[PDB]
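Residue numbers (PDB author numbering), protein chains in the order written: chain A, 221 to 737; chain A', 428 to 634; chain A'', 221 to 737. A prime marks a further copy of an entry chain. Working notes, structure below.
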Amino acid sequence: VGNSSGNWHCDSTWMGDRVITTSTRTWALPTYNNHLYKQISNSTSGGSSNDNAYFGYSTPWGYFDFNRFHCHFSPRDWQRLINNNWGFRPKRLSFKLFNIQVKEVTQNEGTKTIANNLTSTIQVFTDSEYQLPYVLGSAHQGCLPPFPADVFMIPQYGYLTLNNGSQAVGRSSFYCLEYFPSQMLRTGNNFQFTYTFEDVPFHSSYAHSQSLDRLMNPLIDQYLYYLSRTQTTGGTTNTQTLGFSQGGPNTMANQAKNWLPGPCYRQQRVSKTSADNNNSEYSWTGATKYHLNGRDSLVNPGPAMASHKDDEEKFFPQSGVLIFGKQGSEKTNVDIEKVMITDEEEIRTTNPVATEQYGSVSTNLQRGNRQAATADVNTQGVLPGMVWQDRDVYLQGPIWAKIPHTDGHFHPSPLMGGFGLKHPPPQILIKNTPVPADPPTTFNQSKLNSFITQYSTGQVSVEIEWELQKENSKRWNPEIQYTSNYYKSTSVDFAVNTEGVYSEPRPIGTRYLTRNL
Amino acid sequence: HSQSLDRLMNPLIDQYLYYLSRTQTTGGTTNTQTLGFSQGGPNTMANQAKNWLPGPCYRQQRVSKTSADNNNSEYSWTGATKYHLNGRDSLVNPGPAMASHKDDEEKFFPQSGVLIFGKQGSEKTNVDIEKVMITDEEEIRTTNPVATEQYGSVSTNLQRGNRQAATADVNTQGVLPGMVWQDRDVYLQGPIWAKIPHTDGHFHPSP
Amino acid sequence: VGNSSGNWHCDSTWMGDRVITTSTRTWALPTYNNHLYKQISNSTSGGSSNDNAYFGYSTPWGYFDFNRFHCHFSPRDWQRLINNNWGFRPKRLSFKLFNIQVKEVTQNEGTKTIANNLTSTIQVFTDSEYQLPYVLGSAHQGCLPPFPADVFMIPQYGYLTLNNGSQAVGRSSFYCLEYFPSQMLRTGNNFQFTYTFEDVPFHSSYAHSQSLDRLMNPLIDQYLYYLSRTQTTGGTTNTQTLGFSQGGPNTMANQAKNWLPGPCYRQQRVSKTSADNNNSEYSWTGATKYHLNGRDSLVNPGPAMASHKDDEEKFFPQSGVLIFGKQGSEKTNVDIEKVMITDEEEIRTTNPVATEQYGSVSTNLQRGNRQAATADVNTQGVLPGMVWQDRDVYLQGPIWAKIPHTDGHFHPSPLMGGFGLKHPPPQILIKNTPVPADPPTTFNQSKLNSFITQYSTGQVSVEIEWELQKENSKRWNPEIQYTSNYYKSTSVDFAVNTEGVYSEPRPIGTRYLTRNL
Ligand SMILES: O=S(=O)(O)OC[C@H]1O[C@@](COS(=O)(=O)O)(O[C@H]2O[C@H](COS(=O)(=O)O)[C@@H](OS(=O)(=O)O)[C@H](OS(=O)(=O)O)[C@H]2OS(=O)(=O)O)[C@@H](OS(=O)(=O)O)[C@@H]1OS(=O)(=O)O
Ligand SMILES: O=S(=O)(O)OC[C@H]1O[C@@](COS(=O)(=O)O)(O[C@H]2O[C@H](COS(=O)(=O)O)[C@@H](OS(=O)(=O)O)[C@H](OS(=O)(=O)O)[C@H]2OS(=O)(=O)O)[C@@H](OS(=O)(=O)O)[C@@H]1OS(=O)(=O)O
Ligand SMILES: O=S(=O)(O)OC[C@H]1O[C@@](COS(=O)(=O)O)(O[C@H]2O[C@H](COS(=O)(=O)O)[C@@H](OS(=O)(=O)O)[C@H](OS(=O)(=O)O)[C@H]2OS(=O)(=O)O)[C@@H](OS(=O)(=O)O)[C@@H]1OS(=O)(=O)O
Ligand SMILES: [Mg+2]
Ligand SMILES: [Mg+2]
Ligand SMILES: [Mg+2]
């Protein structure tokens, strides 16, 4: 009461191989469902079939949504990191929330007054054992303000279990966090905790110099031969002969390679222009999707892929990449004018193009009587001899994810890009102390529903330590860097419009530094 | 498991991420080629964004426990799921890495997908379903798809303003990063452990 | 004020042979009778005769009602305990109440406002010497919320003494707790105390494998004989002969046994269906009851008994077992549709059936001239050679009871099932500090009646340590366990309906593990 909790510590630092940063901001915490649980299943769906089936509840508590970058780093520093280091990973993390302030609110005749009620308190905790359904990683909105000065509110919390559409199987668990320890905290009382990561391969934040098809010297040839002559073009009697050749400095396509492009999944090629697209609603039909327990659904935000080939800016995977609406986007049918679609013209070195075919294989077995068939191959699996690179980062997006604690997993690198962990940073959940309004003078068997509408605020602290690998390359020529366009514009990039409301001009990736393959 | 791949995300919220929910413009009879987009609708959670993916799969032949539900042809060795090796073509089970069936499909089960255990007192051949104890896999319908079921659907070529947008079906599949599953169960009325082939190339040598 | 009192500690743990659990919840404390005592006798009865006579008072104070299980344990854990251990008992207990908040309330023109009055305080204590009428054990309602998230109010307190109906004997004591020490506690000031149990036989939480009648081997016989031939069926002259036999593997009923079924009391057999019951109001008349000082009354919730015999689901003792209305039950005449009657088809091994006769004995003395009489025996007493098992637990019910400090007691095992103690955990009583409203400017001889309507809240902590005995049996076959039905239902069991209000689908017992008799 007569003392503050903690100063405002929010900056960045570059000690070299490490880079510590934190973000101090403020929030607000409103009551929910009037401190009451709920059962939210497809009974509240109103339309969908065994496709959008969901069976869960709504806890009166709330959680934190800071799993992004543009909310942890500033624009410039991001630039700083990107244009300088090849790879990075998170090392340490901390959390502090303090300077809490509870304010009850009376509503006498539409004339409401907001007073302060320090007598109240709050309860919050962390799920270390990961017994609660990990929610983040789903990249729900309502993240920490990608901006510092602006404050926000913490989103309520709700989860889902196994369900048979409008109903649920017995194997549908049920949870209630109020069955856990919670740092009961009153105003004046601060709160902090500590977390640490584990080893994870640094997100390869770099672009390659060569390609799989072109990693071999040109001046030489391959002492190895190949079938370059099925028939004999010795006239009109092109019989069945067997001519062979070697690594032609010109026939480098027919040459010999030792590696192979990563796995793939065929997507539907759409375009940024309108007239280039057919005239049929295939958004949910001609789309690439999978099937699960009848509950058929999309197979993205992604796959492990690259958007398109050279000079195909117009076309992009239908559901292959990410989509980020500029500041001020509604919930539906907004136009391309608002969003910032993610171009993947960067991985066209290792990963194929989803909108594109993948390969072509033998259909049966050619012979002197029956013709030689050549089948096409759009979809594929993985095999030894395949190498690729997962999705990029896009600070205007997720930062890390949650690995499903199961037995069978493979290269658990996220499909929304980022980092995966078998033991990820916990989930932070909070609620306002249930202040029972005026109780009946005489006894009653039932429970209390009456309360006092109240909420609180405070400062969110998060120290994220970081690891990095800087470019040590001898690339003689000036590689490419990322920089705000050096010309004169009306509203500076990442600047605050004359109304304080600022946005991001464009999305940003990492694969910039030309790292030799 | 308590949840599913498709439903591991909160419902109360949405995804600040958008997706292609409007190929054409239902603005009348002139449904041109437009580009409407949406976000993680608490209702459109199917079209929502997910980060993981169902384990690998292999299409099986869906049979049934009842008789009249099965066609009338001997496909036990023909319409069956099998592989090929040095001409020595053979079945591809007792199994694959899979789940038997979807919800309320007790009647149907993979033809050769799961295990079969005859109750005490079973001869060597043609015994009936009355004796054996077929293994129901209505448990992994959370991570692993259904062998008797299709797996996915992918783009066939490349739609365009003149040529229609094709959508090919995908029964068989391979593995990729972003896939997670769970091998077969135990069944104490069955094997306890196995033997890994001492070779060089092996992967998730789970039996 | 500038500090909270104690975190929210409420979970379960299984260290093995012990299991500690606690429940953190919140409550509310309203004033009562305006801080005034009362004399409640059959003067406020309005109807009843020397049958429902009561002479007591109403203290302005309140007490705690947490003597149940479903309010101390969660559903799953209960399952955990039951399906795993044969027997258990309580070992240690603690209590903490804090984060108090007093809120006065003004009422200006129907326009009331609830402010905070930290200046106030509260007074609460514990009765160790057991000088106050033990109230719990009577299983009054208003228990701790069998649920965690929901908060409640503490029930007022009132007791009763010896009375002659509408009046009371001089031997009718009088009590006033305000004549005891009370931890005067102001907000910000926490409160805690400590308690420990004493030795008590673990509630035999198990079902038997055999029966009294069938605990003997079948392959053999008994070298002992018995009277199996009164007359001689040697024709039409069935004289008086004396044939004898031994333990026939078929005549095992006539065989020899060494033990005997526990005591009994005849109940009225009713049924769950309607047409099976006669058409007469015997609810209070044809009922099993006792007599005391003219004050005739029922003889239950129970006796020491088993509900019914095999396949008699329809019939159950009229007043023999317990009754628990599902969530949302009024006070009277509700139907069977709401309650959850307790089936006792479990003790049909040791304890007879109350609705059933008990035995049959000789009436006089048969002889060659006078016929042999055989009287029936419905009611019984106890004798050496009798063994039984008291009532079950039913977590949707009481947890322990209070033994009457007297001289003559026997197998003080509760009739409402549970545990009995000669020195049970104390009773917790609280009240709000009497805040005398505006006193007259000039003097007055009389006392002050004017006050300020106010109340408070806080968190109830209760650490209950537990002892257990796990199944070590070599029962080759899979014994039976308790589990939620593995099918698909609309509303999951013990789940929160889509309105937060959750209930219990069915009652639960312990005698599950097949323990060899
Ligand atoms: O054994 S394989 O089926 O894999 O094929 C190699 C040999 O099979 C043939 C003929 O079959 S045989 O009975 O095994 O000797 O298969 C090819 O032709 C058969 C029928 O043809 S034939 O005219 O009698 O020779 C067709 O089918 S089937 O045998 O699988 O039922 C196949 O063709 S088709 O595309 O359906 O028209 C074809 O085999 S396959 O489908 O490609 O596997 C002979 O094939 S051949 O080389 O094309 O002539 C092979 O034997 S051969 O006599 O040495 O040619
Ligand atoms: O290069 S691709 O084959 O991958 O396709 C894109 C462009 O190829 C076309 C035409 O070919 S071109 O000679 O490369 O310019 O392919 C599409 O049409 C060709 C023949 O068509 S056309 O009427 O002359 O335009 C067909 O085959 S082939 O070129 O592969 O031999 C294909 O269609 S079909 O399904 O067999 O009928 C079709 O290509 S594909 O099979 O889908 O790959 C043009 O295609 S188009 O966009 O559909 O018109 C593309 O060039 S374009 O002139 O810009 O359209
Ligand atoms: O001593 S007992 O009463 O316990 O019984 C055994 C002997 O008593 C009798 C006769 O009584 S005596 O005066 O003690 O000798 O009792 C039985 O008969 C008497 C009267 O009967 S009798 O015809 O004169 O023999 C009845 O009553 S009473 O004596 O108790 O007043 C009893 O019967 S009844 O059910 O009321 O009809 C009956 O005795 S009891 O009630 O069963 O106890 C003789 O009884 S007998 O064996 O049935 O004949 C016994 O003496 S005996 O002469 O050896 O038979
Ligand atoms: Mg063939
Ligand atoms: Mg083609
Ligand atoms: Mg007599």
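Where a beta carbon is used, it is the ideal one built from N, C-alpha and C, also for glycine.
In this structure, ligand 2 has a non-hydrogen atom nearer than 6 Å to the beta-carbon of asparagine 584/A'. Between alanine 621/A'' and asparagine 571/A'', the C-beta spacing is not below 7 Å. In chain order, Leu432, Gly605 and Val607 place their CB closer than 7 Å to the CB of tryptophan 479/A, counting only its own chain and leaving out the 5 sequence neighbours on each side. In the three-state scheme derived from DSSP, where H, G and I count as helix and E and B as strand, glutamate 557/A is classed as coil. Within chain A, the residues placing a beta-carbon under 8 Å from that of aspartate 231/A'' are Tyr399, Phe400 and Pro401, ordered along the chain. In this structure, DSSP gives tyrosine 399/A a helical state, which the three-state scheme calls helix. Between the alpha carbons of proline 646/A'' and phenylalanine 293/A'' lies a distance of about 20 Å. For the options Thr673/A'', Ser491/A'' and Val716/A'', the alpha carbon positioned closest to that of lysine 332/A'' is the one of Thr673/A''. Collapsing the DSSP output to three states places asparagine 499/A' in coil. Residue range 295-304 is occupied by the alpha helix (DSSP H) that includes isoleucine 302/A. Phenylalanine 275/A'' carries a strand assignment under DSSP once its states are collapsed to helix, strand and coil. The three-state reading of DSSP puts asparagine 287/A in coil, since its state is none of H, G, I, E or B. The secondary-structure analysis by DSSP pairs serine 431/A' with nothing; it has no beta-bridge partner.
Nearest Cα to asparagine 669/A'' within the set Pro656/A'', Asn584/A'', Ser392/A'' and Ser232/A'': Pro656/A''. Among the residues of chain A', those whose CB is under 8 Å from the CB of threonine 575/A are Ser582 and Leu585, following chain order.
By the Cβ-count criterion, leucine 615/A is buried, with 16 or more other Cβ atoms from all chains shown falling within 10 Å of its own Cβ. Residue side-chain check: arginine 590/A' places its Cβ nearer than 6 Å to a non-hydrogen atom of ligand 2. With distances taken between CA atoms, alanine 574/A' lies nearest to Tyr485/A' out of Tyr485/A', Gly463/A' and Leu542/A'. For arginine 489/A'', same chain residues with a beta-carbon under 6 Å away, outside a window of 5 residues either side, are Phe535 and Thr575 in chain order.
Not a single C-beta of chain A' is nearer than 7 Å to the C-beta of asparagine 652/A.
Listed along chain A are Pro483, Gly601, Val602 and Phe630, each with a C-beta nearer than 8 Å to that of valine 602/A'. When DSSP states are grouped into helix, strand and coil, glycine 628/A' belongs to the coil group. Residue state for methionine 606/A' is assigned as strand, using DSSP reduced to three classes. The shortest C-alpha to C-alpha distance from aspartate 516/A'' to any of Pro523/A'', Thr505/A'', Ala524/A'' and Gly522/A'' is the one to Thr505/A''. Every unbroken stretch of the beta strand (DSSP E) spanning 3 or more residues and falling wholly within the stretch 612-682 of chain A'' is given here in chain order: 648-652 and 674-681. The C-beta of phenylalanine 275/A'' has 16 or more other C-beta atoms within 10 Å across all chains shown, which makes the residue buried. Going by C-alpha positions, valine 602/A' is about 8 Å away from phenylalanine 630/A.
For the stretch 488-503 of chain A, the beta-carbon criterion of a distance under 9 Å to any beta-carbon of chain A' is satisfied by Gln488, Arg489, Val490, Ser491, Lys492, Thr493, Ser494, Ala495, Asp496, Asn497, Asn498, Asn499, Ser500, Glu501, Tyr502 and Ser503. Closer than 6 Å to some heavy atom of ligand 1: that describes the Cβ of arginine 587/A. The C-beta of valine 607/A' comes closer than 7 Å to at least one C-beta of chain A. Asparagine 337/A belongs to the set of residues whose beta carbon lies under 7 Å from a beta carbon in chain A''. Of the candidates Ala388/A'', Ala592/A'' and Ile543/A'', the residue whose Cα lies closest to the Cα of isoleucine 728/A'' is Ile543/A''. Here the stretch 317-332 of chain A makes no contact with the stretch 263-278 of chain A; the two share fewer than three CB pairs at distances below 8 Å.
Among the residues facing chain A'', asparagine 272/A is not included, as its CB has no counterpart in that chain under 7 Å away.
Residues of chain A'' whose Cβ lies closer than 8 Å to the Cβ of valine 655/A are, in chain order, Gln321 and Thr677.
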